[PDB]
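These protein sequence lines are chains A and B, in that order.
The authors' numbering applies: residue 4 is where the first sequence begins, and numbers increase by one.
The authors' numbering applies: residue 4 is where the second sequence begins, and numbers increase by one.
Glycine included, C-beta positions come from ideal geometry on N, C-alpha and C.
Report on the following structure.
Protein chains: 2
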Amino acid sequence: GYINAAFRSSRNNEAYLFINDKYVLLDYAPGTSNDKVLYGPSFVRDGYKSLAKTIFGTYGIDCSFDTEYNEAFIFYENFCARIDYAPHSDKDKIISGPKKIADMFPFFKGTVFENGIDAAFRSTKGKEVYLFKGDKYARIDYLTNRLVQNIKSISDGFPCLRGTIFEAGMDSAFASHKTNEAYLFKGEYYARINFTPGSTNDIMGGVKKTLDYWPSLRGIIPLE
Amino acid sequence: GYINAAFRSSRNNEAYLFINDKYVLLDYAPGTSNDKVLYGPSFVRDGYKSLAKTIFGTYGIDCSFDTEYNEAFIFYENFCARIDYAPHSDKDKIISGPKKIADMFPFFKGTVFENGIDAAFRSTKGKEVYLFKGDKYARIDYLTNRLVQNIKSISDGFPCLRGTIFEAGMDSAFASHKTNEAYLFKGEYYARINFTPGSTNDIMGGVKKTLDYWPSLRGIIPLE
Ligand SMILES: [Ca+2]
Ligand SMILES: [Ca+2]
Ligand SMILES: [Cl-]
Ligand SMILES: [Cl-]
Ligand SMILES: [Cl-]
Ligand code: NA
Ligand code: NA
């Protein structure tokens, strides 16, 4: 019962975190010690009416990423959908789907990504997204629907992760509102990384405990 | 692109037929030659607003069976839902699901039925339903959620099918409004069978052409 998916909100310093078939809306306070749970924990089916009678409403969300405006891709196993998550309102809706991953992203056919994605986060560069499955990552443009480069080992693109628990996989991720930062999650741990698109960079550099960084999540995770 | 699923309506002499991602409502006229298409062929997503943004709306329905009143179980691969099909209105709605088959029917766990069902029809007896997968069939009570007997070969329970194309499997079925009769489909073929719950039969009619029996379907089956 840890964080299985996440996406950055269009609202400043807010992110949606999905755990089992539930979620929380968090003010994650990147520059301040005043993190706070703004909504939830709530069942996906209760919080998102448009998702109530779907596989997402039944089983929850296991990967997602912000795109632009108020729209996000959400996943469950081999299925995905594009949604308007309509922050702080009643107005959520499915724009596209649900569709099999292979039908939404045909370049994934014949790869390990066609059966499910572990984690994803929105790049600062153009319409780019990083997606993770096992020890591999992919880099796509969601607007033109194109694989930007060959699928590579996580360690090829993020050398800073060699020798950490993230080397063989990530459970969940979201991009920060602070430029070129992102959070990676696995079990009780997170890392805050700094990245530069297209450059084999580094930093960092600190695998810590999620509950130390967000005390407002005490008693919410782990969810037994 | 032949019939992939069907269910008997609560309305006398009407059946819903599912083909690719579409359906047809048919007056199947079991006692006369006045068969007609009443509605469709239309997309499932257009005709059932409640299914529009679900896996059933994207990909169609590959198995189903009438329960009672205006409720039907519908399937797509390993998922299923309980729906009110609200005949001749737009008051359709999902009552339960979508859920995985193992979660809805726990007794199917470990069986060949776990990952999808080929075809099904409602019995005249109590709340019993016959379900088909490959050369095997199952008989369940949907109320008590119970397997009524061991999973068996189609030939054992339906000896009239021996030596015919239906021996190895069926694509679709529905129970007739005429008691103890049902229609089974595969490719361009159908059989009309008499069945006696809990007891084998003898001879009935033989494998025939669906288009000969329902000329109102010419130009519709197969869907090119
Ligand atoms: Ca995940
Ligand atoms: Ca079928
Ligand atoms: Cl994620
Ligand atoms: Cl069927
Ligand atoms: Cl769905
Ligand atoms: Na994410
Ligand atoms: Na059926």
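1. Taking C-alpha atoms, which residue in B:91, B:80, B:9 and B:41 lies nearest to residue 62 of chain B?
2. Mind checking residue 207 of chain A: buried by the 16 CB within 10 Å criterion, or exposed?
3. Does DSSP put residue 213 of chain B in a helix, a strand or coil?
4. Does DSSP put residue 101 of chain A in a helix, a strand or coil?
5. Let me know the alpha helix (DSSP H) ranges lying completely inside the region 174-213 of chain A, each 4 residues or longer, listed in chain order.
6. Could you compute how far the alpha carbon of residue 97 of chain B sits from the alpha carbon of residue 123 of chain A?
7. Any idea which residues DSSP pairs residue 131 of chain A with across the strands?
8. Using a cut-off of 9 Å between C-beta atoms, extract the partners of residue 100 of chain B located in chain A.
9. Within 10 angstroms of its Cβ, does residue 72 of chain A collect 16 or more other Cβ (buried), or is it exposed?
10. Grab the span of the beta strand (DSSP E) containing residue 43 of chain A for me, first residue to last.
11. So does the region 166-185 of chain B actually touch the region 143-154 of chain B, counting three or more Cβ pairs closer than 8 Å?
12. Run the proximity test for residue 176 of chain A: is its beta-carbon closer than 7 Å to any non-hydrogen atom belonging to ligand 3?
13. Answer yes or no: does any C-beta atom of chain B fall closer than 8 Å to that of residue 82 of chain A?
14. Which residue spans inside the region 7-86 of chain A form an unbroken alpha helix (DSSP H) run of at least 4?
15. Distance cutoff 8 Å, beta carbons only. Does residue 196 of chain A sit that close to anything in chain B?
16. Would you kindly work out how many angstroms separate the C-alpha atoms of residue 16 of chain A and residue 198 of chain A, rounded to a whole number?
17. If I follow the unbroken alpha helix (DSSP H) through residue 160 of chain B, where does it start and stop?
18. Using the Cα positions of residue 76 of chain B and residue 147 of chain B, report the straight-line distance between them to the nearest angstrom.
19. Could you have a look at residue 171 of chain A and say whether DSSP puts it in helix, strand or coil?
20. Based on DSSP bridge pairs, tell me the residues matched to residue 221 of chain A.
21. Measuring only between beta-carbons, confirm whether residue 104 of chain B sits less than 8 Å from chain A.
22. Per DSSP, what are the beta-bridge partners of residue 164 of chain B in this structure?
23. Is the CB-CB distance between residue 67 of chain A and residue 116 of chain A below 8 Å?
24. Tell me the DSSP bridge mates of residue 124 of chain A?
25. My guess is that residue 78 of chain B and residue 119 of chain B are in contact by the Cβ rule of under 8 Å, so how many angstroms apart are they, rounded?
26. So, using beta-carbon positions, are residue 58 of chain B and residue 83 of chain B closer together than 8 Å?
27. Determine, using beta carbons only, whether residue 120 of chain B comes closer than 8 Å to chain A.
28. Is residue 97 of chain A close to chain B? Criterion is C-beta to C-beta, closer than 8 Å.
29. Can we count residue 58 of chain A as close to ligand 5, meaning its CB is less than 7 Å from some heavy atom?
Reading from the atomic positions:
1. B:80
2. exposed
3. helix
4. strand
5. none
6. 31 Å
7. Answer by DSSP bridge pairing, in chain order: A:144.
8. 56, 58 and 61
9. exposed
10. Element bounds for residue 43 of chain A: 39-46.
11. no
12. yes
13. yes
14. Here the runs fully enclosed are 47-50 and 58-62.
15. no
16. 19 Å
17. 157-160
18. 15 Å
19. Reduced to three states, the DSSP call for residue 171 of chain A is helix.
20. A:224
21. no
22. Answer is none; residue 164 of chain B lacks a bridge partner.
23. A distance of 8 Å or more separates the beta carbons of residue 67 of chain A and residue 116 of chain A.
24. A:133
25. 7 Å
26. no
27. no
28. yes
29. A heavy atom of ligand 5 is found nearer than 7 Å to the CB of residue 58 of chain A.
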